[PDB]
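Written out below as structure tokens is the structure these notes cover.
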Amino acid sequence: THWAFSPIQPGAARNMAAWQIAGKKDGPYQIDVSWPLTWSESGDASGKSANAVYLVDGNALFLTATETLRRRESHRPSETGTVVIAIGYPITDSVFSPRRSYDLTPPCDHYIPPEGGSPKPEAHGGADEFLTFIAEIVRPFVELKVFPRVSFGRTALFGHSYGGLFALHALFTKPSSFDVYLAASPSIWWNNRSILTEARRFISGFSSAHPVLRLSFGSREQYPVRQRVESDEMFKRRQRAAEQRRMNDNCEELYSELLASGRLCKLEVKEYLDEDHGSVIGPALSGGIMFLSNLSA
Amino acid sequence: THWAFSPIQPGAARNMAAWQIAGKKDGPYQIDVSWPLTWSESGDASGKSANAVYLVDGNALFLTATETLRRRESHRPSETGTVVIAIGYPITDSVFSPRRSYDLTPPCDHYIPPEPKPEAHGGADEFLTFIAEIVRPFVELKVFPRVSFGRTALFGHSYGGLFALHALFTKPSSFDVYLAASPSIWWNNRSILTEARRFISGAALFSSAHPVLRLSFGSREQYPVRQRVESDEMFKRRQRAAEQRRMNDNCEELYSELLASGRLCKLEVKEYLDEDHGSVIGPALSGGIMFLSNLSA
Ligand SMILES: [Cl-]
Ligand SMILES: [Cl-]
Ligand SMILES: [Cl-]
Ligand SMILES: [Cl-]
């Protein structure tokens with residue numbers, strides 16, 4: 001047999017591109033963009049329309065969102081294709097950046113740092129700047145420069161942890177920013193639950209906005225399970241953090257408050273059984289993508 | 001602020017490569033390979049060992065597997081790194097190939113077409129030999145020659161899951177860990193059961209393999225949930241197909257039978273609530289990788 005191992009490009013990294021966006025003091029951003037496989041490698045959709053999903057912590061979520069959509073688009077070729085826009089950082093040894101703490105937390109009149117369990121201060125309060133950046137710089141670049149011949153129908157924002165907090169902040173203060181908000185394991189605990197002040201202002205008061213929200217969390221986030229290889233004290237640290245952060249109950253209570261207000265067009269909460277803060281990312285992102293695609297019909 | 005956009009490569013598609021493997025009767029294969037972000041761009045692990053996960057339907061699963069691992073590896077730098085090897089096809093407009101039907105189904109003396117929709121079938125022994133004797137030695141001896149591989153896993157979904165079970169039952173020493181997601185146990189009037197029975201009672205006295213198996217399925221696979229838009233007839237057709245395939249019960253009963261055999265050192269079955277045949281892929285793949293990483297701690 002004439003076996004040949006021939007290097008090829010792009011392989012599975014098809015119909016994706018990346019840009020650095022330089023200007024901010026903190027350093028450049030990295031945007032990763034992917035588009036449907038039926039479109040050309042130059043991004044030509046041949047007159048087709050699209051939806052779009054914007055991801056914060058872009059480096060950690062881009063590929064999962066891309067592939068989830070490509071599986072579904074393969075099964076359902078008549079469905080509207082979705083462009084993925086991941087907003088992240090020029091990082092090489094990891095998929096998370098410490099810069100996320102500033103970018104994803106909203107500015108507040110008073111600040112209480114997170115617990116390490118000593119106080120663990122980090123940069124904070126840049127969410128309004130970041131949201132402006134996405135809406136006024138990134139989004140128009142994608143729509144007007146990258147895909148000028150594509151009519152964009154539905155837009156979504158997904159974030160996990162501080163990303164979920166960011167998604168909630170966007171919903172409560174600028175509800176027309178996106179059509180759909182996907183807040184996965186949102187850090188509702190953050191800064192003595194300051195996001196609930198914004199939630200209640202949103203519940204009270206934005207006339208022309210009909211937002212959709214999907215909340216999610218892993219069942220183990222508030223109720224951790226000791227791993228096979230884990231020391232007693234390291235497990236007890238996780239128990240401490242879990243009880244303070246109150247992920248499961250904070251999500252369910254926020255869901256209940258928002259549901260009772262009737263201010264959302266559609267609202268859903270999903271508990272992912274047996275998933276923890278890290279392991280829930282894949283299922284919650286996949287689930288958010290499916291939730292988004294199911295809104296089309 | 002004067003934002004400066006500039007194209008960059010590779011963006012989030014770093015530490016990955018692809019080869020076309022030509023020679024086989026049916027046509028060329030495409031293998032996509034990714035490795036940890038802490039290793040070099042040329043695949044140098046600097047003496048580190050690794051696990052490996054081999055994926056069938058490679059075009060549809062490569063990026064999800066890759067990114068799931070990179071998220072975990074970023075939080076757990078001391079854990080054993082994992083190389084992803086996706087075995088797929090040179091396809092451009094979709095992530096699935098019709099060739100999968102032949103490659104993933106085992107040879108049988110009689111064939112019953114699935115409900116009637118006949119397909120090419122019976123190439124799984126040839127495909128397993130290809131993976132074991134052509135692909136794996138290329139990856140281990142040519143791509144990662146100084147990496148000592150600890151545990152190797154095989155993941156497949158649907159017909160891929162059937163393939164994973166076929167591999168386990170006929171050549172149990174092929175892989176250390178088998179991840180059979182929504183396996184098509186129903187296929188060809190449950191013809192896989194003949195091999196399952198032989199496996200159960202066929203262990204050698206000395207030096208027999210005791211592999212690891214994880215079974216999974218989505219709760220909606222056997223119990224579909226009606227959509228608003230669906231007619232009665234269209235929903236009834238989905239219910240009929242679900243009853244026939246019997247995904248949930250076949251998985252659970254295979255688990256029970258294999259548990260009683262005592263041939264597997266570790267055996268797990270997971271039902272993913274609210275997930276269907278397509279939506280369970282991400283969660284089951286992520287869950288399978290978590291499972292492999294947990295047993296490698
Ligand atoms: Cl846990
Ligand atoms: Cl949509
Ligand atoms: Cl269903
Ligand atoms: Cl384990």
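Order of the sequence lines fixes the chain letters, A, B, ..., with proteins taken first and strands second; residue numbering starts at 1 for each chain. Atoms considered below: every heavy atom in the structure, side chains included; atoms not considered: hydrogens, waters and symmetry mates.
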Does any backbone or side-chain atom of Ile134(B) lie under 4.5 Å from a heavy atom of chain A? Answer side chain, backbone, both or neither.
both

Go through the atoms of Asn59(A) and report whether side chain, backbone, both or neither lie under 4.5 Å from a heavy atom of chain B.
backbone

Given heavy-atom pairs under 4.5 angstrom as the criterion, report whether the side chain, backbone, both or neither of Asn294(B) touches chain A.
both

Name the orientation class of the two ring planes belonging to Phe5(B) and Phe141(A) (parallel below 30°, tilted from 30 to 60°, perpendicular beyond 60°).
parallel

Tell me yes or no: between the side chains of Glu67(B) and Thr64(A), is some donor less than 3.5 Å from an acceptor?
yes

Between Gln20(B) and chain A, which part of the residue has a heavy atom less than 4.5 Å away: side chain, backbone, both or neither?
both

At a 4.5 Å cut-off on heavy atoms, which part of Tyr89(B) comes close to chain A: side chain, backbone, both, or neither?
neither

Is it the side chain or the backbone of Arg14(A) that comes within 4.5 Å of chain B heavy atoms, both, or neither?
side chain

Shortest non-hydrogen contact from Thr38(B) toward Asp93(A)
CG2-O, 3.9 Å

Looking only at atom types and distance, does a side-chain atom of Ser74(A) sit under 3.5 Å from a main-chain N or O of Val95(B), one as donor and one as acceptor?
yes

Is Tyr272(B) close to chain A through its backbone or its side chain, or both, or neither, when contacts mean heavy atoms under 4.5 Å?
side chain

Residue, of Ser286(A), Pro77(A), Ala4(A), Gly23(A), that accumulates the most heavy atom pairs under 4.5 Å with chain B:
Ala4(A)

Would you check if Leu37(A) and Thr92(B) make a side-chain contact, meaning some heavy-atom pair closer than 4.5 Å?
no

Comparing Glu230(A), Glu275(A), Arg228(A), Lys270(A) against chain B, the one with the most heavy-atom pairs below 4.5 Å turns out to be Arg228(A)

Select one option (side chain, backbone, both, neither) describing which atoms of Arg71(B) are under 4.5 Å from chain A's heavy atoms.
both

Under 4.5 Å to a heavy atom of chain B? For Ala22(A) that would be both

Side chain, backbone, both or neither: which part of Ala17(A) has a non-hydrogen atom closer than 4.5 Å to chain B?
neither

Among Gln9(A), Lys24(A), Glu73(A), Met16(A), which has the most heavy-atom pairs under 4.5 Å with chain B?
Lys24(A)

Smallest heavy-atom separation, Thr66(B) atom then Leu63(A) atom, equals CG2-CD1, 4.4 Å

For the interface with chain B, which of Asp57(A), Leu61(A), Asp274(A), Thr1(A) has the highest count of heavy-atom pairs at distances below 4.5 Å?
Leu61(A)

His75(A) NE2 to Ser94(B) OG distance, which is reported to the nearest 0.5 Å:
8.0 Å

Chain B shares the most heavy-atom pairs under 4.5 Å, among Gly282(A), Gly11(A), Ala60(A), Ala13(A), with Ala60(A)

Contact part of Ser34(B) toward chain A, heavy-atom cut-off under 4.5 Å: side chain, backbone, both or neither?
neither

Measuring heavy-atom distances to chain A, does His2(B) have an atom under 4.5 Å in its side chain, in its backbone, in both, or in neither?
backbone

Give the member of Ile31(B), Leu273(B), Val280(B), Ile91(B) that has the highest number of heavy-atom pairs under 4.5 Å with chain A.
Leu273(B)

Would you find more than 12 non-hydrogen atoms of other residues, nucleotides or ligands less than 6.0 Å from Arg237(A) atom CZ?
no

Heavy-atom closest pair (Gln30(A) atom, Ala12(B) atom, distance to 0.1 Å) is NE2-N, 3.7 Å

